[PDB]
Structure formats: structure tokens, C-alpha cells
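>>> Experimental structure and sequence below.
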Amino acid sequence: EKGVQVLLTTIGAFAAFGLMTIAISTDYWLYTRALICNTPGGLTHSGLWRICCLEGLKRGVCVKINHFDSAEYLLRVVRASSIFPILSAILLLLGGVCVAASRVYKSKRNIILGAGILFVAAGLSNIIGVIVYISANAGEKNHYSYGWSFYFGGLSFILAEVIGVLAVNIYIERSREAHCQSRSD
Amino acid sequence: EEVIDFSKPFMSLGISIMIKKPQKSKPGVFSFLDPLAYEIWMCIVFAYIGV
């Protein structure tokens, strides 16, 4: 029913926000080999901001990533700011807030719509951030791999799209109920 | 040559240009249009409009 769908939507919003914040803050996106590891290089696990060496003399020390051709410059800027994943998390938060409001202003039906739009836009922004990250990593030192933070981001995207679908369905049902009641009245 | 005497050159040369070897360029955004010239793409657009 409507109540269970709203409950799932709010749970998904909270879960996606948490997963994306975890992925952004976490530094386990990429497992690779880097020259700056104190001995082609040493194993490293990285993220969006900082990189940590593992299995090396400098084991456990984490250092801020040293980023840095107009398009390459723009890509480096966007990758450094990580504005797209952050925007995804922000939009998920705002959508959850709008859903909670929809749990109060049951009359205003154009709220659970904003929630869905924001969730879908957050999914798109996460896609863009993933593309930017993958593109920027490449350059022109092998057998690299992706960590659980990357898949947390992917899970956040999937959940955001699902809850956007559910919110749009809720809006559909609510508007249909109101319109049928009015016309029949 | 005013103070010594040379032989005929045993090796002739001249000024030349040294550059770094062109590398596989990092693929550019919108490199998927490279197979066709820009003029073909614009003619495609306007043929779409006209059709």
C-alpha cells in the first residue's frame, strides 16, 4: 500500500545517502601500484581525496592525492572537487527531507514529486562522477582493481533510481485518487 | 682557414630540427566523430532537416 511504499522510499533515501557519504569519505576505491610508495611501484589503496600505501615500509601512511589541454584541465578540476558525488548525496538528502514533509503536508502532492526528481538527478550525477573518476585515472601500472567503495557508489545509484520510481508511483496514485474523487464529486 | 689549413670535408652536415617523438595521443572527448569529417556531420544534420 501507500504507507509501505513511502516507508521503503524513506529507508532507501537514508541508505543511499549513507552509502554515498561512506564511499566519498572512505579511501578504498582503487587498488593499484604507485611509484610514490617507498617500494613499477608499491601497492596502494586510494579514494577520491587521499591515497594509502599497504604492504610497504611506509605502511599505513595516507597522503593527499596530488592532481595535476583545456579539457584535461576541466576534467582534473571536476575530479578533484568531486562535486558530482557530493551533489548526488546532497540531492538524496533533500529528497528524503521532501518525503518526510510529504509525510506531514499530505495535501500538497507536488512534494513527493520533487523527491523523485531529486533522486533521479542524484543517480545521474553519480553516473557522471563515476565516468569522470574512471576517465581521470587513465593516463598515457596494471592489474588494477576497484574496491567496495566504488560498488557502494553503484549501489547508491541503483537505490536512488528505485526510490525515484517508487516516489513517482506514489505521486501517480495520490493524484489519481484526488482527481477521481473531485470529478466524481 | 686564415691561420690553419683544412682538408676537404670528411663529413658534411647542417642545422636540423629535433622534436619529441609523437606518441599515441590521449583520446579526446568527441573522438567518436573522427571517422567522418565535420562537414559530413553538418551535411547530415541539414539533410535530416531537409528530408
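It's in. Numbers count the residues shown, from 1 in each chain, chains lettered A, B, ... in the order given.

>>> Break down chain A into its strands, ranges please.
Counting by DSSP state E, chain A has these strands, from start to end: A:30-34, A:42-46, A:50-53, A:62-64, A:145-146.

>>> In JSON lines: the ones you listed, plus distance to chain B.
In short, each C-beta sits where N, CA and C put it, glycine included. Shown next, in JSON lines, are those (distance: least, Cβ to the nearest Cβ, whole Å):
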{"stretch": "strand A:30-34", "distance to chain B": "19"}
{"stretch": "strand A:42-46", "distance to chain B": "21"}
{"stretch": "strand A:50-53", "distance to chain B": "22"}
{"stretch": "strand A:62-64", "distance to chain B": "24"}
{"stretch": "strand A:145-146", "distance to chain B": "21"}
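
>>> so which of those strands gets nearest residue A:9?
For these, the distance to residue A:9 is smallest for strand A:145-146, at 28.8 Å, taking Cβ to Cβ.

>>> Residue numbers of chain A in contact with chain B?
Within chain A, the positions adjacent to chain B are A:71, A:72, A:139, A:140 by Cβ under 8 Å from any Cβ of the partner chain.

>>> about what we covered before: as TSV, the strands of chain A with distance to residue A:83 and mean neighbour count would be great.
What follows is the strands of chain A, written out as TSV (distance: least, Cβ to Cβ, whole Å; neighbours: other Cβ atoms under 10 Å in any protein chain shown):
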stretch	distance to residue A:83	mean neighbour count
strand A:30-34	19	17
strand A:42-46	19	20
strand A:50-53	18	18
strand A:62-64	18	12
strand A:145-146	21	13
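
>>> I'd like the distance between residue A:95 and residue A:111.
10 Å (Cβ to Cβ, to the nearest Å).

>>> Name the residues contacting each of those two.
Shared contacts of residue A:95 and residue A:111, defined by Cβ atoms under 8 Å, 6 or more residues apart in numbering or on different chains, are absent.

>>> between those two, which one's more packed in?
Counted by other Cβ atoms under 10 Å in any protein chain shown, residue A:95 and residue A:111 do not tie: residue A:95 has more neighbours, with 30 against 21.

>>> Pretty sure that one sits against residue A:112.
No: in this structure residue A:95 lies outside contact range of residue A:112 using Cβ atoms under 8 Å: 9.5 Å.

>>> list residues touching both of these two?
Joint contacts of residue A:95 and residue A:112 (Cβ under 8 Å, 6+ apart) are residue A:167.

>>> Now for the residue nearest to residue A:94 when sequence neighbours are not counted: which residues touch it?
Take residue A:94 and drop its neighbours on the chain: the residue closest to it by Cβ to Cβ, 6 or more residues apart in numbering or on different chains is residue A:118, 5.5 Å away. Counting by Cβ under 8 Å, 6+ apart, residue A:118 touches A:91, A:92, A:94, A:95, A:98.

>>> Now with 6 Å, please.
By Cβ atoms under 6 Å, 6 or more residues apart in numbering or on different chains, the contact set of residue A:118 is A:91, A:94, A:95.

>>> what about the strands in chain B?
Taking DSSP E as the criterion, chain B carries no strands.

>>> center of it, which residue is that?
residue B:22 (8.8 Å; Cα atoms, centre = their mean).

>>> Look up how far residue B:37 lies from that residue.
On the measure of Cβ to Cβ, residue B:22 and residue B:37 end up 21 Å apart.

>>> swap in residue A:71?
For residue A:71, the distance to residue B:37 - Cβ to Cβ - is 21 Å.

>>> hmm, back to that, kindly reformat the contacts of residue A:118 as TSV containing distance to residue A:173.
TSV is the format used below for the contacts of residue A:118 (distance: Cβ to Cβ, whole Å):
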residue	distance to residue A:173
A:91	23
A:94	23
A:95	18
